[PDB]
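So that the names make sense, note that chain A is the first sequence line, chain B the second, and so on, each numbered from 1. For the numbers below, each heavy atom of this structure counts, side chains included, while hydrogens, waters and symmetry mates do not.
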There are 2 protein chains.
Amino acid sequence: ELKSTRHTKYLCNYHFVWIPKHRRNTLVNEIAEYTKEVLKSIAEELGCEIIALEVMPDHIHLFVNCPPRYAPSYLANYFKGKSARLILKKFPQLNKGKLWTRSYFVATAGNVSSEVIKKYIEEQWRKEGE
Amino acid sequence: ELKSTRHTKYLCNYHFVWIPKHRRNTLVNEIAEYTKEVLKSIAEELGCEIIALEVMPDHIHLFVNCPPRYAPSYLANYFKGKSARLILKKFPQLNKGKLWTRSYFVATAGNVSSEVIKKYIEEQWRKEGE
Ligand SMILES: [Mn+2]
Ligand SMILES: [Mn+2]
């Protein structure tokens, strides 16, 4: 749903997708479970609401609702960078270089109805006055 | 369409909506014209692609595709902040108080297909190797 901040009404959903560096059977078993845990922890840290999270052997698909103060690149690098530090610190048998590649995919999601926009405009005028 | 940078494939579309302060009949004629010109110049400046722009007497509805480096709040405040400065400069009669209110609405837009995501994943593994 639409959320509100100081002087803001927003709905910011993003699909973030990225892959583990070189092994296609990296994110499995306990490693996959810890990966989900840390990504959820980071989301909570940033005030983001995870809509869907998939940690598959060959990729991560994170669909999340975030505050408007964050740029998609800032978010991707925070999720990837912080999760990698934690995951590599936890499992020694990894720790051989980078966990992720330096690329990521991001796509905005949403279908704002004209009624929702019309209503926001009417509300601002009602609030501010003419 | 999907776009790409150094190490990112992205689709970042946002709807920005905001209204002028108690003047519900000022964004007309020459002022409306200049406002549209200024918002288009700012978009070009930031590397954003305007999908649709509406400058109406009671509100601005900016639908734009932007680089992932920008936060929605930065964009909203830059578009509003810089246009206000330029507009008040060209039309001194608007120099009384703030041109815009401090509020704004922002909503992400998009319906990315699974095929696009699947292709991104396969392309990264093809480039990275396993
Ligand atoms: Mn998926
Ligand atoms: Mn509109």
Side-chain angles (χ1 to χ4, degrees), chain A residues 12-109, chain B residues 1-12 47 66-72 74 108 110 112-130:
Chain A
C12 300
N13 295 337
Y14 309 93
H15 286 277
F16 285 104
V17 180
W18 69 85
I19 68 162
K21 193 138 191 178
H22 298 108
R23 255 171 12 67
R24 272 191 109 122
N25 208 239
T26 291
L27 310 171
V28 295
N29 303 319
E30 292 102 326
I31 296 175
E33 73 172 355
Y34 186 63
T35 294
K36 298 184 186 56
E37 162 187 355
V38 301
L39 288 178
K40 289 178 183 177
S41 176
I42 293 168
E44 227 263 50
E45 184 191 338
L46 301 173
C48 299
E49 173 180 350
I50 290 174
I51 303 169
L53 175 64
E54 297 176 320
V55 175
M56 305 298 299
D58 66 338
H59 80 287
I60 288 175
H61 181 180
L62 172 68
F63 187 34
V64 59
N65 175 281
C66 322
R69 63 180 181 270
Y70 299 117
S73 292
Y74 180 89
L75 288 163
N77 290 312
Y78 207 105
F79 277 113
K80 288 183 63 183
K82 190 152 183 179
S83 66
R85 169 248 268 174
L86 292 177
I87 296 170
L88 293 178
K89 174 185 178 311
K90 175 134 190 198
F91 303 104
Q93 62 201 60
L94 300 180
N95 239 320
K96 300 190 180 180
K98 299 289 180 176
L99 177 59
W100 315 121
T101 67
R102 191 165 62 156
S103 173
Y104 72 85
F105 168 107
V106 61
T108 43
Chain B
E1 288 305 296
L2 202 72
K3 298 178 183 176
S4 48
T5 56
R6 204 163 200 280
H7 11 60
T8 90
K9 287 295 166 299
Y10 77 84
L11 178 269
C12 297
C66 323
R69 70 186 89 129
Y70 304 118
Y74 169 77
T108 44
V112 76
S113 66
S114 55
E115 305 96 80
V116 168
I117 294 181
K118 177 179 299 303
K119 167 186 177 136
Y120 169 79
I121 296 169
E122 313 180 347
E123 282 294 81
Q124 296 311 300
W125 278 103
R126 173 173 70 76
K127 298 180 182 184
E128 286 321 312
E130 3 187 315

Problem set entry | Stepwise salt bridge (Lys or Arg N to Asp or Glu O under 4.0 Å) test for B:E123 and B:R126 | CA-CA 5 Å; B:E123 282 294 81; B:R126 173 173 70 76; 2.6 Å; yes
Exercise. Would A:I87 and A:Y34 count as a side chain to side chain contact (heavy atoms under 4.5 Å, CB included) if you check the C-alpha gap in whole Å, the side-chain angles of each, and the deciding distance to 0.1 Å?
Worked result: CA-CA 7 Å; A:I87 296 170; A:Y34 186 63; 4.2 Å; yes
Distance-only donor-acceptor hits, side chain of residues 57-64 of chain A, under 3.5 Å, sequence neighbours excluded:
from  : atom 1 : to    : atom 2 : distance (Å)
A:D58 : OD2    : A:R24 : NH2    : 2.7
A:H61 : ND1    : A:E54 : OE1    : 3.4
A:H61 : NE2    : A:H15 : ND1    : 3.0

What donor-acceptor contacts under 3.5 angstrom involve side-chain atoms of residues 38-47 of chain A, with partners at least two apart or in another chain?
from  : atom 1 : to    : atom 2 : distance (Å)
A:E45 : OE1    : A:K82 : NZ     : 2.9
A:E45 : OE2    : A:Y78 : OH     : 2.4
A:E45 : OE2    : A:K82 : NZ     : 3.3

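Listed here is the closest heavy atom pair of A:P20 and A:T101: O-CG2, 4.2 Å. In terms of heavy atoms, A:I19 sits closest to B:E128 at CD1-CG, 4.2 Å. Residue B:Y10 comes nearest to B:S4 through the heavy atom pair CE2-N, 4.1 Å, listed as atom of the first residue, atom of the second, then distance. In this structure, A:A71 and B:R69 approach most closely via the heavy-atom pair CB-O, 3.3 Å.
For A:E49, the side-chain hydrogen bond (donor to acceptor under 3.5 Å, both in side chains) partners at least two apart in sequence or on another chain are A:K3.
Side-chain contact between A:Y70 and A:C12 is absent, with no heavy-atom pair separated by less than 4.5 Å. In this structure, A:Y104 and B:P68 have side chains that are in contact, with non-hydrogen atoms separated by less than 4.5 Å. Between B:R6 and A:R102 the shortest side-chain heavy-atom distance falls below 4.5 Å. The side-chain heavy atoms of A:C66 and A:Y14, taken from C-beta on, include a pair separated by under 4.5 Å. Contact annotation: the side chain of B:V116 never approaches that of B:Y120 to less than 4.5 Å [non-hydrogen atoms, C-beta and beyond]. Between A:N65 and A:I50, the closest side-chain pair of non-hydrogen atoms is not below 4.5 Å.
The aromatic rings of A:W100 and A:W18 lie perpendicular to each other, with more than 60° between the two planes, well past the 30° mark.
In this structure, NZ in A:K98 is found 8.5 Å from CG in A:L88, a value given to the nearest 0.5 Å. One distance of note links CG of A:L27 with NZ of A:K36; it measures 8.0 Å at 0.5 Å rounding. Atom CD in B:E122 sits 12.0 Å away from atom CD1 in B:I117 (nearest 0.5 Å). Here the OG atom belonging to B:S114 is positioned 13.5 Å from the NZ atom belonging to B:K119, to the nearest 0.5 angstrom. Put simply, CZ on A:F16 and CG on A:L53 are 12.5 Å apart, with the number rounded to the nearest 0.5 Å. A distance of 14.0 Å separates NZ of A:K90 from CG of A:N95, quoted to the nearest 0.5 Å.
A donor-acceptor pair under 3.5 Å is formed between the side chain of B:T108 and the backbone N or O of A:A109. Side-chain atoms of A:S103 come within 3.5 Å of backbone atoms of B:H7 as a donor-acceptor pair (strictly under, hydrogens ignored).
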